[PDB]
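J.: Quick one: structure below, then a few questions.
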Amino acid sequence: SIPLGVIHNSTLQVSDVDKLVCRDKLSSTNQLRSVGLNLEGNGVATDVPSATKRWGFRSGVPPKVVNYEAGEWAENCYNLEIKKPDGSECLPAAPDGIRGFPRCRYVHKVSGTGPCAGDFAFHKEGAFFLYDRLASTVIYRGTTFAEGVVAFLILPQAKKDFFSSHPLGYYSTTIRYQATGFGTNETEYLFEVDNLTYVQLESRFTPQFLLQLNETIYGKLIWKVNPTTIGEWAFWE
Amino acid sequence: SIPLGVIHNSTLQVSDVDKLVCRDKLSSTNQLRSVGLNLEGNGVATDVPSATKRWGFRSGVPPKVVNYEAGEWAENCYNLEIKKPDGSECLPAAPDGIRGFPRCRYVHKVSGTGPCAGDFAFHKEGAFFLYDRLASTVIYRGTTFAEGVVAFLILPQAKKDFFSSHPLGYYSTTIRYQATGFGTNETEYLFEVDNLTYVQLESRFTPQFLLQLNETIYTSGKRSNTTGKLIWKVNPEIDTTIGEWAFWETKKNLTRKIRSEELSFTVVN
Amino acid sequence: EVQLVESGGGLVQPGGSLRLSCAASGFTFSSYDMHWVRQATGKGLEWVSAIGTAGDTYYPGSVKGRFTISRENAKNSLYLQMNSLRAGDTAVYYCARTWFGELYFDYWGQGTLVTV
Amino acid sequence: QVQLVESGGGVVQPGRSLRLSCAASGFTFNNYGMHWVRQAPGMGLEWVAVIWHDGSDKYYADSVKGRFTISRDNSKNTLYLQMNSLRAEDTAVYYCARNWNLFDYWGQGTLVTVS
Amino acid sequence: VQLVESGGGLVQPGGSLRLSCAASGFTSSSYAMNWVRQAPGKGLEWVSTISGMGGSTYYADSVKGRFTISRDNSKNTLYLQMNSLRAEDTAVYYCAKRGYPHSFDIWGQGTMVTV
Amino acid sequence: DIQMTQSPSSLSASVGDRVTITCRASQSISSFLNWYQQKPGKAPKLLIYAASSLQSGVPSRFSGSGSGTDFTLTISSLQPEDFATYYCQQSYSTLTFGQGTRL
Amino acid sequence: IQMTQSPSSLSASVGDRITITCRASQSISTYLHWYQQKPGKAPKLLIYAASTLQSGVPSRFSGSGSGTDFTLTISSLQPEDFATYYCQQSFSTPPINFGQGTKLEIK
Amino acid sequence: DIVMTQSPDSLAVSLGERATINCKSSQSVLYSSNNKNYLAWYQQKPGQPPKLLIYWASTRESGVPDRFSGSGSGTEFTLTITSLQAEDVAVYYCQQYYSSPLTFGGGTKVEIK
Amino acid sequence: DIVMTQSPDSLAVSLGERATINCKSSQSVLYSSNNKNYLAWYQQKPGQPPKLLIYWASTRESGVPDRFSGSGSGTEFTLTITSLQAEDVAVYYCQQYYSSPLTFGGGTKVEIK
Amino acid sequence: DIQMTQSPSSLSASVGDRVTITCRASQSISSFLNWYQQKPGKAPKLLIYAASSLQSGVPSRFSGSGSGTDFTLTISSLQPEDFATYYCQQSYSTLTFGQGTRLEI
Amino acid sequence: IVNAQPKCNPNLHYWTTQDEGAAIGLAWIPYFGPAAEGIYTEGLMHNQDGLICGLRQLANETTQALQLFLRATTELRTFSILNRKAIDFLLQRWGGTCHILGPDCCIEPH
Ligand SMILES: *[C@@H]1O[C@H](CO)[C@@H](O[C@@H]2O[C@H](CO)[C@@H](O[C@@H]3O[C@H](CO[C@H]4O[C@H](CO[C@H]5O[C@H](CO)[C@@H](O)[C@H](O)[C@@H]5O)[C@@H](O)[C@H](O)[C@@H]4O)[C@@H](O)[C@H](O[C@H]4O[C@H](CO)[C@@H](O)[C@H](O)[C@@H]4O)[C@@H]3O)[C@H](O)[C@H]2NC(C)=O)[C@H](O)[C@H]1NC(C)=O
Ligand SMILES: *[C@@H]1O[C@H](CO)[C@@H](O)[C@H](O)[C@H]1NC(C)=O
Ligand SMILES: *[C@@H]1O[C@H](CO)[C@@H](O)[C@H](O)[C@H]1NC(C)=O
Ligand SMILES: *[C@@H]1O[C@H](CO)[C@@H](O)[C@H](O)[C@H]1NC(C)=O
Ligand SMILES: *[C@@H]1O[C@H](CO)[C@@H](O)[C@H](O)[C@H]1NC(C)=O
Ligand SMILES: *[C@@H]1O[C@H](CO)[C@@H](O)[C@H](O)[C@H]1NC(C)=O
């Protein structure tokens with residue numbers, strides 16, 4: 001009983017299966033579409049310190065994957081390379097089908113060590129990790145993902161204005177972090193500006209500020225950096 | 001053209017493909033259901049010595065699996081740990097999706113060595129091995145399974161009448177067996193009471209009997225000794241047969257209880 | 001209780017054949033899986049053959065075709081037929097009984113030495 | 001109403017084989033191990049031999065470890081004690097018993113005199 | 001314990017005929033009943049079978065598109081609706097019940113169909 | 001498909017004799033052959049469940065023999081009621097019958 | 001492995017209150033069996049597990065014991081009761097041994 | 001195939017104090033399903049057939065005294081004699097029964113001091 | 001990475017007597033699809049380039065005399081010289097072409113007596 | 001089926017004293033309990049959400065402790081207005097409310 | 001009936017995956033949700049012997065077709081049988097050229 005949304009006259013009304021309304025027509029299977037909308041759009045914080053809090057490790061629940069035909073550009077995407085302090089793998093290796101999320105403006109590549117209680121990493125908020133048209137409940141090692149929720153749509157009457165044309169240039173920047181105690185409250189992040197130079201993370205920091213941090217600086221060095229409110233607006237604003 | 005059963009007024013009429021009977025109404029895919037019914041409910045012998053005979057090893061046929069949305073509690077489920085007599089793998093490891101049968105009253109865990117002719121083990125009766133909503137034609141190592149058949153049903157009117165409520169505790173006990181010559185006629189099983197005590201197994205012995213035997217061995221069987229592992233032949237020395245009735249049969253009531261004294265023990269050697 | 005006796009050891013010309021016999025007593029021979037284990041003088045124990053309850057035979061690579069193991073249940077005897085023996089085969093050959101349904105060798109026969 | 005009927009007996013000089021049979025009626029012979037118990041004329045009963053329910057496993061008393069062999073045929077509901085070797089002290093009444101653990105049912109004895 | 005066959009007679013080439021096999025002493029619904037045709041002097045060939053509940057209908061190669069077979073489980077009766085009868089179909093027809101290797105075990109008395 | 005052949009088309013023997021009737025399959029059938037005895041003018045009667053098993057109530061003199069590809073049926077004593085013709089059915093695919101054998 | 005009936009012989013009145021005790025070398029967990037044999041008669045079992053009585057035994061034939069010590073008690077004696085009794089262990093069944101039992105007789 | 005390696009080739013130790021033999025397997029012999037380590041320990045006295053001491057890595061044989069204690073998990077295992085005695089002098093072996101070729105590690109000889 | 005180990009480092013055997021060189025590979029080099037072992041045997045006489053005796057574990061090169069026979073399957077293989085003439089004194093090498101690195105085992109030197 | 005049980009079915013306390021109310025779960029629910037106070041004759045009002053957090057505008061006196069199975073609600077000072085029925089709602093599965101506890105003087 | 005089959009179990013105790021509608025708590029979330037063992041639900045259909053027994057017969061009968069279908073298909077894991085049955089049902093009743101008042105087409109006036 002997955003909610004299905006019918007788009008008629010550029011207004012979205014979720015389909016009432018009970019009422020059997022006859023306004024909607026499903027001329028073709030193409031009209032049915034599954035769109036994966038990124039969680040960042042809803043307004044949640046997207047920086048690594050805040051985002052990590054949402055991710056949690058649990059065992060005994062099998063991972064599940066669902067495909068979404070279309071998706072949204074993600075301002076922030078995360079790539080995880082977390083190893084247990086031994087080096088034992090913490091995140092399952094990516095399955096063959098799974099691939100990194102495309103169209104990521106910033107890829108937050110987090111590499112480090114953390115306690116990994118569960119077999120798999122799950123989203124506490126209940127959202128899906130999005131991978132290249134495959135939405136998975138779990139995090140896969142080394143594969144870029146964007147937190148998101150899948151929605152199922154009946155596109156309007158084969159007009160194809162929606163999602164086949166834009167009714168109304170891809171560059172990906174890899175922000176890199178080193179982390180210890182990943183997956184627990186006692187997690188520390190130092191941003192890797194360079195091979196020998198690192199800056200300790202704060203929640204307020206945004207990708208733009210981190211990018212300028214490389215310019216600002218000019219036996220690995222950890223720099224505490226202090227620049228009101230920064231980036232109170234969302235990325236779109 | 002698999003037969004698709006239609007439930008009408010709590011009566012099972014198998015559908016007729018050509019007829020396209022007007023009466024039956026399929027409102028939604030929820031009404032469609034696949035049911036996995038266990039063989040134990042069919043009156044087949046369910047003890048591990050007889051049950052193993054129905055299983056068989058063949059090679060050259062690929063394994064296939066099916067999903068059954070709903071299933072039946074099975075009194076007896078089997079988990080196999082078979083290895084070849086040299087230690088080579090006999091049963092394929094479980095694929096990721098496959099998991100043990102959800103609800104089993106008695107899990108018969110058979111670990112032992114047997115000739116393993118085929119690549120895979122198949123059911124000689126044509127039935128499927130049921131694993132946690134997946135029905136397979138092949139036995140998978142170390143995963144609890146209950147042999148059963150899958151039936152496809154069109155449920156009635158989706159009015160919560162069927163498989164939504166009980167019109168009207170899960171405690172699973174593992175009976176651990178050891179076997180040599182598994183998968184052949186010349187197969188011998190030893191019920192493992194504990195690390196140091198084993199009991200020769202015969203088809204007559206039912207799971208309730210085996211648990212009672214385990215208690216009797218513990219209380220007064222002098223199981224612990226320096227001689228070595230003890231293999232005991234056991235016979236209930238009571239005039240009536242042991243466990244003739246099935247688990248549902250007569251609600252297993254007014255059944256003679258074999259007090260510990262009745263059982264007779266001798267050491268095989 | 002359980003008694004395993006080895007027989008048939010001796011001197012064999014390289015490339016020749018020898019037949020080793022293991023008698024068994026004190027247990028039901030048919031049920032248990034019987035193994036032959038080779039111990040070279042300086043190289044430690046090595047598993048050389050396995051016979052199942054049904055007569056299925058398993059060998060390591062070294063003796064994959066050279067050695068054929070056979071059990072005749074009626075007389076409680078185990079037979080290892082060694083063919084095309086080479087210098088490496090010289091060792092003390094034990095007939096061992098694995099515990100019921102498991103692969104550890106609970107009982108070992110008094111070894112017999114074959115020299116090539 | 002189970003009836004165990006002993007048979008054989010008679011007078012034999014030492015050293016000639018004697019075969020004893022205990023008939024079984026009113027119970028399932030298959031699932032009961034059986035016992036042979038010999039009761040001396042006045043000295044008292046001493047256990048002689050026992051057989052497993054299927055007939056596969058048979059134990060004997062220390063005095064009679066090899067001299068006496070016991071057997072049963074499930075089809076005929078009869079058991080046979082083979083008195084291979086006879087000594088004068090063997091003279092006594094012989095009783096069959098219906099259960100391995102507990103000698104619940106004893107047949108009326110059969111008199112065996114070595115003489 | 002008894003299977004009764006009826007409907008046999010004279011039918012001109014082409015046309016249709018219904019063979020009724022009824023079960024006495026058996027609940028036909030439970031058992032998968034089968035039709036076997038014996039040509040006069042030319043042996044036996046299996047023509048069709050049904051599952052117990054009627055879900056599965058199975059036909060021989062010769063009559064794959066010609067014969068329609070159905071079961072009324074309520075009356076313990078089997079109907080074989082022969083259609084488009086050919087010359088070779090002039091043979092006695094037997095109805096039988098499945099067995100261990102899909103083996104006809106209880107055979108009802110054959111009826112004769114002539115074209 | 002597989003073709004069923006009974007080697008003796010017809011043979012005559014007296015009462016009290018040992019006779020073997022053999023049904024041969026072109027391709028091996030895994031002990032799925034069942035024998036039928038048809039009294040002349042009467043509906044066939046099942047004899048052997050599958051290659052060896054003897055149907056309940058059929059005289060024990062009838063003995064079922066089975067193998068991978070070649071099957072045989074032996075009549076122990078050739079009583080007059082057993083002088084009737086016999087058939088062999090395969091159950092591997094399509095349930096064909098061999099050509100009947102006449103005594 | 002060795003079972004002994006402590007009272008070697010007993011004598012009592014026709015209606016007397018009498019008991020017998022059986023001595024065990026080891027500890028037997030309610031696995032003693034009591035057999036009564038009349039003179040010139042086949043022995044007959046009385047108590048299955050040293051507590052549980054047989055169907056045909058008179059009620060007065062009630063005994064109890066546990067572990068090493070077992071006892072058989074006759075609440076009221078009777079004329080037929082004047083017969084020997086026996087006790088058997090069940091732990092070491094292969095070498096079952098019967099020991100001479102008390103010869104009940106008039107007192 | 002698992003190859004079994006016993007680290008102390010010879011372990012000379014005086015009577016009465018603990019002696020430990022270390023056994024290393026190429027890949028772990030701990031089966032996930034039962035969580036039981038598929039390793040056994042054999043003692044071969046000079047001129048006698050080897051006799052099983054410890055099976056399932058830790059479970060002890062009936063005859064074996066409690067002095068012989070075995071432990072370990074996963075890839076590496078050890079056998080510990082809590083108090084060595086003169087009679088214990090022998091060659092101790094490893095076996096892994098978790099794989100297709102049954103393999104015995106090279107022997108470890110213990111000698112009194 | 002399959003690593004070949006040849007069991008006898010040296011093999012002194014008298015003239016005319018059978019000689020056997022054992023070859024153990026870390027991993028099985030039998031290929032399931034064709035069921036033929038991907039191993040070759042090389043003879044390097046002192047002062048000369050190695051010569052290809054046996055390929056496909058058993059198949060013998062045309063020039064090689066019948067004396068050299070290769071046998072074995074799976075992980076371990078052996079090369080048997082039925083009659084060892086003096087001119088066969090050399091160092092014998094294995095090769096595995098099942099996998100990428102194409103390793104060779106340590107040589108085995110056979111010396112006449 | 002999750003079974004809410006409120007241990008102090010009737011609690012009587014005076015003004016200006018600490019009071020603890022405990023709600024127990026049949027099996028562990030991960031910090032998903034919610035506390036509602038219902039003044040007699042008026043709508044229930046949310047006090048504690050997620051078993052620890054305090055809803056905005058609630059007096060700081062109310063506080064709660066959370067665990068898998070056992071939860072407690074602590075009213076630091078019982079001013080007379082805070083005398084009413086208190087309910088524990090478990091949000092882990094099927095949203096069952098507790099029997100409820102009426103605090104009085 | 002099911003006496004063709006040796007013994008029919010009068011009681012059916014069925015375990016099934018939970019209904020989508022019943023669960024409202026924050027246990028849908030995989031992280032906070034029940035483990036694999038706990039997802040199942042219980043039911044008993046003991047009251048009606050006839051339907052469940054017939055059902056056991058139907059399953060015994062359908063296994064042959066199911067096995068042949070599996071043999072033909074190349075699916076390692078087959079989860080489309082129910083959907084294929086649904087599309088067969090719709091394709092059959094409403095395949096096309098369905099007479100307004102005919103056996104072929106279910107449609108009925110008024
Ligand atoms: C669906 O339900 C059907 C109906 O219950 C199941 O059918 C069962 O099949 C199994 C195996 O496929 C059979 O077990 C066999 O028993 C044989 C012993 O003889 C049996 O035959 C009787 C069956 O009676 C019916 O058929 C006979 C034969 O025509 C008729 O005469 C009779 O009137 C009935 O029509 C039983 O009544 C009897 O008590 C016996 O049980 C064995 O010989 C057989 O094979 C064994 O030996 C083979 C050769 O060595 C070997 O290959 C086998 O592996 C095995 O060792 C097998 O054990 C059931 O008897 C049969 N029941 C019925 C009622 O026919 C079907 O299995 C089931 N399918 C699914 C998927 O659930
Ligand atoms: C982190 O969480 C743990 C577990 O609840 C807790 O014991 C610890 O005090 C917390 N530490 C911080 C800094 O939040
Ligand atoms: C710096 O690190 C990058 C990888 O992050 C590496 O490619 C590069 O060679 C390094 N350069 C120096 C000078 O260390
Ligand atoms: C078991 O099957 C084999 C296969 O031929 C046979 O040789 C053997 O005699 C059978 N055993 C018994 C007890 O029938
Ligand atoms: C029955 O076996 C179980 C383990 O399977 C054991 O824990 C228990 O102690 C046994 N019974 C008794 C009465 O001891
Ligand atoms: C059996 O062995 C296991 C593993 O050592 C142990 O945990 C358990 O307590 C043992 N049980 C008995 C009865 O010896």
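Scheme for the structure tokens: letters A, B, ... for chains in order shown; per-chain residue numbers from 1; ligand numbers from 1 in order shown.
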Identify, with DSSP run on backbone atoms, the residues in range 36-88 of chain E assigned to strand (DSSP E or B), and express the list as a PyMOL selection string.
T.: chain E and resi 36-38+44-50+57-59+67-72+77-83
J.: If we count only C-alpha atoms and set the cut-off at 6 Å, which residues sit around range 95-110 of chain B, ignoring sequence neighbours fewer than 4 positions away in its own chain? Please answer as a list in words.
T.: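 So the residues in contact are residues 73, 74, 75, 76, 77, 78, 79, 80, 81, 131, 132, 143, 144, 145, 172, 173, 174, 175, 176, 177 and 178 of chain B.
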J.: Grab me every residue within 9 Å of ligand 6, counting only C-alpha atoms and all ligand atoms, and send it over as a list in words.
T.: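 Answer in the requested format: residues 193, 194, 195, 196, 197 and 224 of chain B; 36, 56, 57, 58, 59 and 60 of chain H.
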J.: Pick the closest to ligand 3 from A:2, A:193, A:211, A:134: which is it, counting only C-alpha atoms and all ligand atoms?
T.: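 The shortest atom-to-atom distance to ligand 3 comes from A:193.
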J.: Give me the RMSD in Å over all C-alpha atoms, paired in order, after least-squares superposition of chain H onto chain I.
T.: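 The C-alpha RMSD comes to 0.3 Å.
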